[PDB]
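**Student:** Pasting in a structure now, in structure tokens, and then I'll have a few things to ask.
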Amino acid sequence: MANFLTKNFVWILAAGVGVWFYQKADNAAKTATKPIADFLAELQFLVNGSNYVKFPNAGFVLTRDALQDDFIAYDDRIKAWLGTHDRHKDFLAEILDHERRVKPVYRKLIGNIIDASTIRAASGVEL
Amino acid sequence: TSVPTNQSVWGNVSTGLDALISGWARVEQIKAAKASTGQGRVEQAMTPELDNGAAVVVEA
Amino acid sequence: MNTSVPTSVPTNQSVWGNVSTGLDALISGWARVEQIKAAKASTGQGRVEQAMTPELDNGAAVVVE
């Protein structure tokens, strides 16, 4: 009774921790649960009509690359493309960046440390 | 209403039409299977051709 | 070189309608159907049933949703 109650509390708490970690792993990507038969049937029919090589393979590559928000919205619209939804999806892509921060700030400290400065060079020697 | 807009595809390659063409190739093999057997020939013997017939057409 | 495709026997069902019935037993059966027609002939309700049955060459139907 006492041992069973003590083991139940420790084991159930351990199972809750595994469920939280398993939930975070599944929730990392967008929830794949779909509740409807309209878009799934039409999109599959449109996939065979377009004759694209591997609709499942193209969807997996596009969803991860173009982001889940852009993929889910574009996937909802099975076919066609009109208005701002079409224009945004047509001219969509990833992103990079460049800016001054730690490198330039560290170099400025070296210049400030070398004030009024001392001469350092190389080229001479026995060679 | 439904419509398509903007697509990409491989060049000079067989499309979904060739997927149908295989179906026409399959139906030829089905006819050839009936051709091999005399029981297939006798099934075709119950075929009359006249000017009238039952027609049905509808969406679903 | 080449890979040969399969040639096999598919769904072909030959249903021979083996009808075996005694000629004298038929003659009575044909005689029995005459009595059934005679039962319809005696009643006016039998005449009215046959008036609703003509013959046509074919049918047709069309729709959209």
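The chains in the structure tokens are called A, B, ... from first to last as shown; in each chain the residues are counted from 1, and the ligands are counted from 1 in the order shown.
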Would you list the contacts of region 55-64 of chain C as a list in words, taking every protein, DNA or RNA residue within 10 Å and counting only C-alpha atoms, but skipping same-chain residues closer than 4 positions in sequence?
**Tutor:**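 So, after excluding close chain neighbours, the residues are residues 50, 51, 52, 53, 54, 55, 56, 57, 58, 59 and 60 of chain B.
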**Student:** Env of region 3-8 of chain C: 12 Å cut, atoms = only C-alpha atoms, seq-sep filter 6 positions within chain, self excluded. Answer as an MDAnalysis selection string.
**Tutor:** chainID B and resid 26 29:30 32:34 36:37
**Student:** Ranking A:67, A:74, A:81, A:112 by minimum distance to residue 93 (chain A) and counting only C-alpha atoms, which one comes first?
**Tutor:**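 Smallest separation from residue 93 (chain A) among the options: A:67.
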**Student:** Write out as a ChimeraX atom specification each polymer residue whose atoms come within 12 Å of residue 31 (chain B), counting only C-alpha atoms; drop sequence neighbours fewer than 3 positions from it.
**Tutor:** /B:24-28,34-37,40-41,43-44 /C:9-12
**Student:** Tell me which of C:2, C:53, C:14, C:42 sits closest to chain B, counting only C-alpha atoms.
**Tutor:**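 Ranked by minimum distance to chain B, first place goes to C:14.
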**Student:** Looking only at alpha helix (DSSP H) from DSSP on the backbone, list the matching residues of chain C as a list in words.
**Tutor:**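 Secondary structure check on chain C, alpha helix (DSSP H): residues 23, 24, 25, 26, 27, 28, 29, 30, 31, 32, 33, 34, 35, 36, 37, 38, 39, 40, 41, 42, 44, 45, 46, 47, 48, 49 and 50 of chain C.
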**Student:** Write out as a compact mmCIF listing (two decimals) with C-alpha atoms, in the first residue's frame every residue belonging to chain B that has an atom at most 9 Å from any atom of chain A, counting only C-alpha atoms.
**Tutor:**
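For reference, out-v7.txt as written:
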```
# COMPACT_ATOMS: atom_id res chain seq x y z
CA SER B 2 -11.19 26.68 -59.61
CA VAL B 3 -8.11 27.55 -61.69
CA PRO B 4 -4.32 26.99 -61.87
CA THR B 5 -1.59 29.68 -62.00
CA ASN B 6 2.24 29.50 -62.33
CA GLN B 7 4.01 26.11 -62.45
CA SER B 8 7.40 24.46 -63.09
CA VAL B 9 8.26 21.18 -64.86
CA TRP B 10 11.05 19.12 -66.45
CA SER B 14 6.32 12.65 -70.42
CA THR B 15 3.42 14.15 -68.44
CA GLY B 16 0.17 12.72 -66.98
```
**Student:** Using only C-alpha atoms, which residues sit within 9 Å of residue 30 (chain A) once same-chain residues fewer than 4 positions away are excluded, as an MDAnalysis selection string?
**Tutor:** chainID A and resid 26 68:69
**Student:** Between CA of residue 55 (chain A) and CA of residue 91 (chain A), what is the distance, to one decimal in Å?
**Tutor:**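 Separation between CA of residue 55 (chain A) and CA of residue 91 (chain A): 20.7 Å.
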**Student:** Which residues, written as a PyMOL selection string, have at least one atom at most 12 Å from residue 71 (chain A), with only C-alpha atoms counted and residues fewer than 3 positions away on the same chain left out?
**Tutor:** chain A and resi 30+58-68+74-78+85+88-89+92-93
**Student:** Which value, in Å to one decimal, gives the distance between CA of residue 46 (chain B) and CA of residue 15 (chain C)?
**Tutor:**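 Atom-to-atom, CA of residue 46 (chain B) and CA of residue 15 (chain C) are spaced 12.7 Å apart.
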